[PDB]
Structure formats: structure tokens, C-alpha cells
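So the structure is just underneath, and the comments pick up after that.
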Amino acid sequence: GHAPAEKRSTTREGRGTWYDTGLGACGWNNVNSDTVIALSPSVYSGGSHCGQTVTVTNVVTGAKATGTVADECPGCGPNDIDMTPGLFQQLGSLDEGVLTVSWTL
């Protein structure tokens, strides 16, 4: 039913990998060059993570970028997420696959 989820929006380090962006698991459809995010499943994320803006700061190089949760990363926990490759280039390099980024949600 209803659930007024009040998440403590706090900057914390986690993992952030790129995926092939085309159709988000929420009501968004974006290309690879865009800056959107795939967050841990809405079951675990209370539903209210879908459509949230998230600032991600790759701690490896200190590179800060921002992407909006449009998709749901299924096979990952609340310390590891996915994102657009275009955004992941702004965090670091595609060759890394995953990077340790400081995300706030």
C-alpha cells in the first residue's frame, strides 16, 4: 500500500558501474550519452529512490558528477549501483567497469 519513505540523504562511498542505457526500469527512456542512474531494487530502496537526483563523487580522482535515478540495478546491494556510461566517463573511465563513488541518497 502507501509508504512515506523518509531516507536520510547522506553522502557515503559505494560502488558505481556503467550499463547499456536505453530504457529505465522507471518511466524514463535515455541513451548512453545521458546522465541517469540505476539504483538498488525499489523493494530495498522503499520505492522513493525512483526519480531522485544523486550527486556521485568518484573518490579515486575526486571527480564529481550528477545523475538522476531512472533505472533499477537488480543484482546489487545498497553499497553498489549502476549508471550511464556517459556519466561514468565523467566519474572516471569505462575500462574500470565499476568505480568507488560517493553518492548521496
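We place every Cβ from the backbone using ideal geometry, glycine too, and count neighbours over all the protein chains shown. Coordinate-derived values only; no laboratory data.
At a glance:
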item: Residues of region 66-88 satisfying the condition of being out of contact with any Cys (no Cβ under 7 Å at 6 or more places or on another chain) and farther than 15 Å from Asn30 by Cβ; result: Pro74, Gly75, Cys76, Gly77, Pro78, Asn79, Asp80
item: Check on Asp20, closer than 15 Å to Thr66 by Cα, outside any strand (DSSP E or B) and among the charged types (D, E, K, R); result: no
item: Some residue of region 38-61 being surrounded by fewer than 18 Cβ atoms within 10 Å (Cβ to Cβ) and over 17 Å from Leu105 (Cα atoms); result: yes
item: Considering residues of region 28-50 that are of a type in the set (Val, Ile, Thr) and not in a strand (DSSP E or B) only, the residue nearest to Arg15 (Cα to Cα); result: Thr35
item: Positions within region 74-105 being surrounded by 22 or more Cβ atoms within 10 Å (Cβ to Cβ), more than 20 Å from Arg8 (Cβ to Cβ) and either under 11 Å from the mean Cα position of the chain (by Cα) or without any contact (Cβ under 8 Å) to a residue 40 or more places away in the chain (or both), in sequence order; result: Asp82, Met83, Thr84, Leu87, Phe88
item: Identity of the residue in region 83-105, of a type in the set (S, T, N, Q) and in contact with a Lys or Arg (Cβ under 8 Å, 6 or more places away or on another chain), that ends up farthest from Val56 (Cα to Cα); result: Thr100
item: Total residues in region 38-88, condition among the β-branched types (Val, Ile, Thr) and in contact with a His (Cβ under 6 Å, 6 or more places away or on another chain); result: 1
item: In region 54-88, the residues that are polar (S, T, N, Q), in contact with a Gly (Cβ under 8 Å, 6 or more places away or on another chain) and assigned to a strand (DSSP E or B); result: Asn58, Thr68
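So that you can scan it fast, the table gives a plain yes or no per residue for (1) in contact with a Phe, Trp or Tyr (Cβ under 9 Å, 6 or more places away or on another chain); (2) over 21 Å from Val98 (Cα atoms); (3) among the small types (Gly, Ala, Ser):
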position: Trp18; (1), (2), (3): yes, no, no
position: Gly24; (1), (2), (3): no, no, yes
position: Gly46; (1), (2), (3): no, yes, yes
position: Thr55; (1), (2), (3): yes, no, no
position: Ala65; (1), (2), (3): yes, no, yes
position: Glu72; (1), (2), (3): no, no, no
position: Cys76; (1), (2), (3): no, no, no
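Each row is one residue, and each column tells you yes or no for (1) touching a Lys or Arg at 6+ places or on another chain (Cβ under 6 Å); (2) surrounded by fewer than 19 Cβ atoms within 10 Å (Cβ to Cβ); (3) in contact (Cβ under 8 Å) with a residue 40 or more places away in the chain.
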| residue | (1), (2), (3) |
| --- | --- |
| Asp20 | no, yes, yes |
| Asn32 | no, yes, yes |
| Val36 | no, no, yes |
| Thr66 | no, yes, no |
| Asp71 | no, no, yes |
